[PDB]
Number of protein chains: 2
Amino acid sequence: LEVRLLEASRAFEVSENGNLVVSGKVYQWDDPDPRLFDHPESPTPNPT
Amino acid sequence: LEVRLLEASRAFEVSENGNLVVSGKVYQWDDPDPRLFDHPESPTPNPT
């Protein structure tokens with residue numbers, strides 16, 4: 001698997017023998033926010 | 001100026017000091033059609 005990153009455009013590409021397999025975006029996170037991982041309000045508070 | 005090509009995705013990128021400048025797709029013309037360059041049917045011959 002060959003991986004290429006275009007840092008300026010925050011893009012990446014993965015190829016297998018010249019055939020595209022995965023494509024998208026990737027970039028480092030400047031200011032992580034721990035509250036992002038707080039568990040979301042469940043539909044049922046106390047199912048018990 | 002540095003030019004990076006993603007051959008699999010047929011995309012390129014031009015950057016200067018880590019800042020994006022140009023972006024788009026560039027690929028070879030497999031079977032050129034000479035008639036694409038014919039002058040398009042015009043409304044007036046413009047003889048005079």
# chains A, B, ... in the order shown; residues from 1 in each chain; ligands from 1
$ closest_atom_pairs --of "chain B" --to "chain A" --cutoff "12 Å" --atoms "only C-alpha atoms" --output "JSON lines"
{"residue": "B:2", "atom": "CA", "partner": "A:8", "partner_atom": "CA", "distance": 10.9}
{"residue": "B:3", "atom": "CA", "partner": "A:6", "partner_atom": "CA", "distance": 10.2}
{"residue": "B:4", "atom": "CA", "partner": "A:6", "partner_atom": "CA", "distance": 7.5}
{"residue": "B:5", "atom": "CA", "partner": "A:6", "partner_atom": "CA", "distance": 9.0}
{"residue": "B:6", "atom": "CA", "partner": "A:13", "partner_atom": "CA", "distance": 7.6}
{"residue": "B:7", "atom": "CA", "partner": "A:18", "partner_atom": "CA", "distance": 7.7}
{"residue": "B:8", "atom": "CA", "partner": "A:20", "partner_atom": "CA", "distance": 5.6}
{"residue": "B:9", "atom": "CA", "partner": "A:20", "partner_atom": "CA", "distance": 6.7}
{"residue": "B:10", "atom": "CA", "partner": "A:20", "partner_atom": "CA", "distance": 10.1}
{"residue": "B:11", "atom": "CA", "partner": "A:6", "partner_atom": "CA", "distance": 10.3}
{"residue": "B:12", "atom": "CA", "partner": "A:6", "partner_atom": "CA", "distance": 9.2}
{"residue": "B:13", "atom": "CA", "partner": "A:6", "partner_atom": "CA", "distance": 7.7}
{"residue": "B:14", "atom": "CA", "partner": "A:8", "partner_atom": "CA", "distance": 8.7}
{"residue": "B:15", "atom": "CA", "partner": "A:8", "partner_atom": "CA", "distance": 6.9}
{"residue": "B:16", "atom": "CA", "partner": "A:8", "partner_atom": "CA", "distance": 9.2}
{"residue": "B:17", "atom": "CA", "partner": "A:8", "partner_atom": "CA", "distance": 9.5}
{"residue": "B:18", "atom": "CA", "partner": "A:8", "partner_atom": "CA", "distance": 5.9}
{"residue": "B:19", "atom": "CA", "partner": "A:8", "partner_atom": "CA", "distance": 5.8}
{"residue": "B:20", "atom": "CA", "partner": "A:8", "partner_atom": "CA", "distance": 5.4}
{"residue": "B:21", "atom": "CA", "partner": "A:8", "partner_atom": "CA", "distance": 9.0}
{"residue": "B:22", "atom": "CA", "partner": "A:9", "partner_atom": "CA", "distance": 10.0}
{"residue": "B:23", "atom": "CA", "partner": "A:9", "partner_atom": "CA", "distance": 8.6}
{"residue": "B:24", "atom": "CA", "partner": "A:9", "partner_atom": "CA", "distance": 11.1}
$ select_by_dssp --residues "chain B" --states "strand (DSSP E or B)" --output "list in words"
residues 2, 3, 4, 5, 6, 11, 12, 13, 14, 15, 16, 19, 20, 21, 22, 23 and 24 of chain B
$ write_last_selection --atoms "C-alpha atoms" --output "compact mmCIF listing (two decimals), in the first residue's frame"
# COMPACT_ATOMS: atom_id res chain seq x y z
CA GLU B 2 6.71 22.73 -5.66
CA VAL B 3 4.28 20.60 -7.67
CA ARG B 4 3.00 17.32 -6.24
CA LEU B 5 0.97 14.89 -8.36
CA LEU B 6 -1.46 12.24 -7.14
CA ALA B 11 -5.02 15.53 -9.00
CA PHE B 12 -2.15 17.98 -8.65
CA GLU B 13 -1.18 20.73 -6.23
CA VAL B 14 1.10 23.78 -6.36
CA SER B 15 2.39 25.30 -3.12
CA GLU B 16 4.74 28.10 -2.07
CA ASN B 19 0.78 27.56 1.26
CA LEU B 20 -1.58 26.29 -1.43
CA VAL B 21 -1.45 28.25 -4.69
CA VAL B 22 -3.13 26.18 -7.41
CA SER B 23 -5.11 22.94 -7.36
CA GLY B 24 -6.95 20.78 -9.85
$ atom_distance --atom1 "CA of residue 39 in chain B" --atom2 "CA of residue 25 in chain B"
25.5 Å
